[PDB]
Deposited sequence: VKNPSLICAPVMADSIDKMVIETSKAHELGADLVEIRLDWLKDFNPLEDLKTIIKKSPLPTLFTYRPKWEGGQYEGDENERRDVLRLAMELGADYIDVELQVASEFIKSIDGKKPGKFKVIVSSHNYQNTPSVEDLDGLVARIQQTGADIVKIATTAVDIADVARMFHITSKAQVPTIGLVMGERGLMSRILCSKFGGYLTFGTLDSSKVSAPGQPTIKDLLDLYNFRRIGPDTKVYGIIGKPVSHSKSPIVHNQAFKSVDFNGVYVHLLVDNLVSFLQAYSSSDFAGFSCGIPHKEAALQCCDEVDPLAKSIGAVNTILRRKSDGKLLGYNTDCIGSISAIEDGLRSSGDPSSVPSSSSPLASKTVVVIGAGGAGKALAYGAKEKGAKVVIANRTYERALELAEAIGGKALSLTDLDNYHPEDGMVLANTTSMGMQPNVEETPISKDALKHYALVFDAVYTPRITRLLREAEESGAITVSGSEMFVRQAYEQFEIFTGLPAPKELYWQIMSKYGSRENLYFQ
């Protein structure tokens, strides 16, 4: 429905003068409007403070005076609360937000008294779940019947599949609709508004000033997710994982897509259940995915066709949806990225026997030295299907060999977790850690103190990523670009996108 989505910045400073500065920062960062959260002001003088904000804000203003019974801070008399919103209207507000619960009464109170530019948002907040399309439809119709100018519905993501229902609502409701799904599993709903008809999304001045769970920053919407480039035809890609908030795949693929003017967007996909995820997002809108822990093996099963390298590895880390028939094709770029990063570093000990361990184990037997796996669960086979070692024993273990961590051990926030004792590294000449967040794991740090050769996970991450770009876009992998993107935009640590 109609225009690209606006970016609204929530303004929650507890004093009038600080809110003024926040509206200025909102303007500097690129926000399109501000939501003035009046219920967050510590000492409020409505006529005075309202006049101040409207006079000084460089951006159009949306006033919200959220009561405690709708998730806000305001307590006290209800008519006084409404008096303030009407006051904001007659003082020159661009919008007010009024709760569905009181919306009929309130809109009646201003009938024939609205200024010309003024729109009334009527909102409903669901902190439990995301209702069925049938129940959302009825919600939309109820909000319309109050006389709302704009419909606002926030729901809660119990599973990421919930987001498809909200997209269906914003895409097809014939009324300007703000439709958002809260929580980390709902984050995709906040990014893709301009493709699915959303009127507005909330982006924060920074990650500390969140007004409801899941909101990204304005800067990430604009510069990381390329918000202004997203449109109805943009194809959606993403990193399927659990956890997923550490992933820098959205940073690199969005920069590459933008650099080559490819009409795609890459988001985080926090997926609990891989089967239901793929079923829920089967349309052509969702053109490909990357697959991380713990879904690499299940993805191989969910794919209709499987590349031989991935077939014979047992795991899929890249899913392409073929436009012809909607068919899911599965590839593996972990092998080449891992092995080639190690070869450039210069008997193989592979920590972990999940999808990433399978790809590295497979690759190593293919070229140079075919050797031994170590997993938490000892009995992870793979040392047989390729040519084992219980995790508790791996420290107790040649002088100048190799070791390759492919588990999540050491990944943020577990920065002091390491898969093996420092003293046991004396037996190793190269240590590779697929973990790239942080860049310097405890394992890699201690491995270097042990005088060994350290190849970081970023060497593997960038390599496997430009191979996925090639699969995703059908365009030649722009290797130099991806290194340059990772160097300039993927260097900061302790980043959580959630």
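Residues of the deposited sequence missing from the coordinate set occupy positions 347 to 365, 400 to 401, 409 to 410, 421 to 422.
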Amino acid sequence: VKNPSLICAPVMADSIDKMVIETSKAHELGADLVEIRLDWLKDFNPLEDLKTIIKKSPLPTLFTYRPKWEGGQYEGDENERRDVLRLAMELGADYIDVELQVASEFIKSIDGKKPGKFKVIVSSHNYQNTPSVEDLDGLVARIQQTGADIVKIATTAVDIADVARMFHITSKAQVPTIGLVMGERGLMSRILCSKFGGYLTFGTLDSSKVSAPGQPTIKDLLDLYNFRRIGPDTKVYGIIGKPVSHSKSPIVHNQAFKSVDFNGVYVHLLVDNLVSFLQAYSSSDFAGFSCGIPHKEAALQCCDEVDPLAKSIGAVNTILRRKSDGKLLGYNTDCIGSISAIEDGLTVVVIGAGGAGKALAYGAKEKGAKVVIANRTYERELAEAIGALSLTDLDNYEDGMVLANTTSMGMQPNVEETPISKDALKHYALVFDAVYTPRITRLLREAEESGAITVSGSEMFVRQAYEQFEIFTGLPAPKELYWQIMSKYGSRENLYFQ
From here on, numbers count along this sequence of modelled residues.
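In this entry, 417 to 425 has the higher mean Cα B-factor, the comparison being between 417 to 425 and 196 to 204. Per the PDB record, of the two stretches 131 to 139 and 366 to 374, 366 to 374 carries the greater mean B-factor over its C-alpha atoms. In the PDB entry, the Cα temperature factor peaks, among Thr234, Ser124, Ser171, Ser340, at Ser340. As recorded in the PDB entry, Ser324 shows the highest C-alpha B-factor of the residues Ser245, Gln215, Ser324, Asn317. The entry lists a Cα temperature factor for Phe44 that places it in the highest third of the chain's modelled residues. Among all modelled residues in this chain, the alpha-carbon of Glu449 has a temperature factor (C-alpha) in the highest third. Annotation for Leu382: C-alpha temperature factor in the highest third relative to the rest of the modelled chain, per the entry.
Split the chain's modelled residues into thirds by C-alpha temperature factor. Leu394 is in the highest one. In the deposited entry, the Cα temperature factor of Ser259 sits in the middle third of values across the chain's modelled residues.
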